[PDB]
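Scroll down for the structure; my scribbles are underneath it.
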Amino acid sequence: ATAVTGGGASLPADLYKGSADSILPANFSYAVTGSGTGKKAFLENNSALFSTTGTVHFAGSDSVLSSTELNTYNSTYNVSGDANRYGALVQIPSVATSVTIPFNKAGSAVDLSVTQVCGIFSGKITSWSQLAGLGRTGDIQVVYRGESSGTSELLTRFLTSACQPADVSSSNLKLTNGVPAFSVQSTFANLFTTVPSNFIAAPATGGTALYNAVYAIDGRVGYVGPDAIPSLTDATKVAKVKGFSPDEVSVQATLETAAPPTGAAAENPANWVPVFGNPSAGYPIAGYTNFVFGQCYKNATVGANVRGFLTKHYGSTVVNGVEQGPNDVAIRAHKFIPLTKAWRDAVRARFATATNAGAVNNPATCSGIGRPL
């Protein structure tokens with residue numbers, strides 16, 4: 001009967017559940033809500049948000065835990081001397097992902113400059129005719145995620161990092177340094193003093209609904225994770241960005257630029273999720289989608305089920321002489337990017353290995369405590 005209750009981010013939802021090669025065990029549930037609602041469900045232990053009951057055991061999120069979220073959690077659920085405390089939480093990367101730019105406008109292959117992407121998503125560029133050489137005219141309508149979204153966070157971090165003031169001048173973006181500027185927002189609408197009228201919220205929760213809305217009306221552009229895209233390589237439907245399709249992320253210039261944390265740094269969940277807002281090479285919109293777990297669970301089978309999952313997902317196996325994570329074929333089949341060996345080894349050793357003080361349901365650290373039955 002034992003269930004492991006989760007949900008959150010839509011971006012990795014089909015890798016996790018419902019597909020023949022999905023990677024979560026059968027007794028794990030995954031309610032699709034977007035990352036913001038997913039974080040809240042876990043942090044406030046609120047299963048109503050996942051349309052169910054009992055304890056929330058985990059979330060998927062491509063929005064990082066904030067300073068405020070961590071402090072609120074710690075001061076409520078992980079209080080020094082509190083026999084009723086839940087204990088620490090665990091934030092870990094699951095897979096890396098691109099953010100793709102699907103658009104619905106018939107014609108030749110589209111390759112957008114940073115300037116052009118910045119102009120489209122700021123509202124500076126409002127007509128297809130303003131994009132030189134694409135052979136297209138008519139209104140641009142941008143579809144965005146109304147709910148708090150990890151995909152919005154990944155896209156906006158990139159735009160905040162890469163866009164120059166000249167790329168977004170004469171737009172309704174909130175000011176930074178006296179000029180309109182992108183800022184990091186999981187709520188995309190929060191970028192603007194007033195949302196421009198050619199920006200429309202997707203009509204239902206999740207990236208799949210945004211995707212379908214893009215193709216419902218001519219001239220639309222959106223942003224979505226890669227798994228829902230039928231072909232990442234079809235530049236007549238999924239824009240290249242500075243000469244790169246969204247399967248051309250540079251692993252060297254992104255994942256390999258940060259090593260797993262150690263010591264006190266590893267005790268801080270914030271340090272388990274590096275961000276790469278402006279990669280020096282390759283497709284430039286990319287980052288991690290993550291899990292949030294509890295370190296401690298009063299239900300010991302839930303703890304064991306989590307460790308079991310972690311042992312596989314962050315495992316190591318050599319196949320045809322090449323080291324890989326056990327789930328890497330499934331990860332790539334869902335158009336995601338496997339974690340590097342250093343990161344799998346680090347997560348496995350700390351969180352999945354029951355003898356480590358930092359592991360899920362480590363007997364010493366979790367003695368007498370945990371997320372409730």
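Every chain in the structure tokens takes a letter, A first, then B, and so on in the order presented; its residues are numbered from 1, and the ligands are numbered from 1 following the presented order.
The set of residues in segment 127-247 of chain A assigned to strand (DSSP E) by DSSP, using only backbone atoms of this structure, is residues 141, 142, 143, 144, 175, 176, 179, 180, 199, 200, 201, 220, 221, 240 and 241 of chain A.
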Pull C-alpha atoms from the residues just selected and write them as a short mmCIF file (atom, residue, chain, number, x, y, z; two decimals), in the first residue's frame.
```cif
data_model
loop_
_atom_site.label_atom_id
_atom_site.label_comp_id
_atom_site.auth_asym_id
_atom_site.auth_seq_id
_atom_site.Cartn_x
_atom_site.Cartn_y
_atom_site.Cartn_z
CA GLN A 141 1.74 36.71 -30.09
CA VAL A 142 3.84 35.33 -27.22
CA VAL A 143 2.34 32.51 -25.16
CA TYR A 144 3.64 32.35 -21.57
CA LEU A 175 13.95 48.87 -14.91
CA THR A 176 17.41 47.75 -13.81
CA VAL A 179 16.70 50.90 -18.30
CA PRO A 180 14.24 48.13 -19.16
CA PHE A 199 1.32 38.29 -24.56
CA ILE A 200 -1.25 35.62 -23.62
CA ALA A 201 -1.24 33.12 -20.73
CA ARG A 220 2.51 32.55 -31.99
CA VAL A 221 5.80 31.95 -30.22
CA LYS A 240 17.55 27.91 -33.48
CA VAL A 241 19.23 30.35 -31.14
#
```
Quick one: everything within 9 Å of residue 242 of chain A, counting only C-alpha atoms, minus sequence neighbours fewer than 4 positions away in the same chain. Send it as a PDB file with C-alpha atoms, in the first residue's frame.
```pdb
ATOM      1  CA  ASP A 111      17.582  31.080 -36.501  1.00  0.00           C
ATOM      2  CA  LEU A 112      17.214  33.886 -33.952  1.00  0.00           C
ATOM      3  CA  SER A 113      20.011  36.091 -32.656  1.00  0.00           C
ATOM      4  CA  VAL A 114      20.179  36.938 -28.961  1.00  0.00           C
ATOM      5  CA  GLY A 282      26.465  25.962 -27.538  1.00  0.00           C
ATOM      6  CA  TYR A 283      22.713  26.374 -27.291  1.00  0.00           C
ATOM      7  CA  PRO A 284      22.500  29.000 -24.608  1.00  0.00           C
TER       8      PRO A 284
END
```
Those of segment 276-335 of chain A in DSSP helix (DSSP H, G or I), formatted as a PyMOL selection string: chain A and resi 300-313+328-333
Gap from atom CA of residue 252 of chain A to atom CA of residue 281 of chain A - Å, one decimal: 8.3 Å
Near-residue 126 of chain A list (10 Å; only C-alpha atoms; drop same-chain fewer than 4 positions) as a list in words: residues 119, 120, 121, 122, 130, 131, 138, 139, 140, 141, 142, 196 and 198 of chain A
Long-range neighbours of residue 345 of chain A as a PyMOL selection string, 12 Å cut-off, only C-alpha atoms, 4 positions minimum in chain: chain A and resi 259-261+310-317+323-325+339-341+349-353
Coordinates-based distance that separates atom CA of residue 96 of chain A from atom CA of residue 288 of chain A (Å, one decimal): 4.3 Å
Counting only C-alpha atoms, the option among A:155, A:302, A:11, A:195 closest to residue 173 of chain A: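 Checking each of A:155, A:302, A:11, A:195 against residue 173 of chain A, counting only C-alpha atoms, the winner is A:195.
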Pick from A:30, A:293, A:343, A:86, whichever lies nearest to residue 373 of chain A using only C-alpha atoms: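 Smallest separation from residue 373 of chain A among the options: A:86.
Computed from the coordinates, the atom CA of residue 369 of chain A to atom CA of residue 84 of chain A distance equals 6.6 Å.
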Nearest-residue call for residue 12 of chain A, choices A:76, A:268, A:33, A:27, using only C-alpha atoms: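 Closest residue, counting only C-alpha atoms: A:33.
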Among the residues A:92, A:333, A:106, A:43, the one that comes closest to residue 15 of chain A [using only C-alpha atoms]: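 Residue with the minimum atom-to-atom distance to residue 15 of chain A: A:333.
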Nearest to residue 361 of chain A, chosen from A:182, A:103, A:297, A:50, with only C-alpha atoms counted in the distances: A:297
For residue 59 of chain A: contacts at 7 Å, only C-alpha atoms, fewer than 4 positions along chain excluded, given as an MDAnalysis selection string: chainID A and resid 6:8 38:39 42 291:293
Give me a file of those residues, with N, CA, C and O atoms, as a PDB file, in the first residue's frame.
```pdb
ATOM      1  N   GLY A   6       4.201  12.874  -4.789  1.00  0.00           N
ATOM      2  CA  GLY A   6       4.892  14.012  -5.335  1.00  0.00           C
ATOM      3  C   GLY A   6       4.207  14.610  -6.527  1.00  0.00           C
ATOM      4  O   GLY A   6       3.022  14.319  -6.811  1.00  0.00           O
ATOM      5  N   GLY A   7       4.960  15.458  -7.214  1.00  0.00           N
ATOM      6  CA  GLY A   7       4.417  16.254  -8.298  1.00  0.00           C
ATOM      7  C   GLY A   7       5.228  17.527  -8.463  1.00  0.00           C
ATOM      8  O   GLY A   7       6.287  17.692  -7.823  1.00  0.00           O
ATOM      9  N   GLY A   8       4.731  18.430  -9.302  1.00  0.00           N
ATOM     10  CA  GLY A   8       5.391  19.708  -9.546  1.00  0.00           C
ATOM     11  C   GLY A   8       5.576  20.040 -11.003  1.00  0.00           C
ATOM     12  O   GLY A   8       4.624  20.027 -11.795  1.00  0.00           O
ATOM     13  N   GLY A  38       4.573  23.001  -6.969  1.00  0.00           N
ATOM     14  CA  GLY A  38       5.299  21.822  -6.509  1.00  0.00           C
ATOM     15  C   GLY A  38       6.163  22.097  -5.276  1.00  0.00           C
ATOM     16  O   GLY A  38       6.095  21.363  -4.277  1.00  0.00           O
ATOM     17  N   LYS A  39       6.957  23.161  -5.328  1.00  0.00           N
ATOM     18  CA  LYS A  39       7.746  23.590  -4.164  1.00  0.00           C
ATOM     19  C   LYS A  39       6.857  23.865  -2.935  1.00  0.00           C
ATOM     20  O   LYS A  39       7.168  23.430  -1.832  1.00  0.00           O
ATOM     21  N   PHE A  42       5.501  20.674  -1.230  1.00  0.00           N
ATOM     22  CA  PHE A  42       6.499  20.051  -0.379  1.00  0.00           C
ATOM     23  C   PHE A  42       6.823  20.893   0.857  1.00  0.00           C
ATOM     24  O   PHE A  42       6.738  20.402   1.993  1.00  0.00           O
ATOM     25  N   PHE A 291      14.989  17.521  -7.989  1.00  0.00           N
ATOM     26  CA  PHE A 291      14.091  16.974  -6.975  1.00  0.00           C
ATOM     27  C   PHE A 291      14.244  17.725  -5.666  1.00  0.00           C
ATOM     28  O   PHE A 291      15.343  18.141  -5.293  1.00  0.00           O
ATOM     29  N   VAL A 292      13.133  17.838  -4.937  1.00  0.00           N
ATOM     30  CA  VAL A 292      13.183  18.188  -3.530  1.00  0.00           C
ATOM     31  C   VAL A 292      12.632  16.982  -2.745  1.00  0.00           C
ATOM     32  O   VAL A 292      11.519  16.534  -2.992  1.00  0.00           O
ATOM     33  N   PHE A 293      13.425  16.450  -1.819  1.00  0.00           N
ATOM     34  CA  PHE A 293      12.999  15.368  -0.953  1.00  0.00           C
ATOM     35  C   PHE A 293      13.136  15.825   0.485  1.00  0.00           C
ATOM     36  O   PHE A 293      13.775  16.848   0.777  1.00  0.00           O
TER      37      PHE A 293
END
```
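Minimum distance to residue 206 of chain A across A:94, A:152, A:183, A:289 (counting only C-alpha atoms) occurs at A:152.
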Contacts of residue 269 of chain A within 10 Å, only C-alpha atoms, excl. fewer than 4 positions in-chain, as a PyMOL selection string: chain A and resi 64-66+70+88-92+261+265+273+292
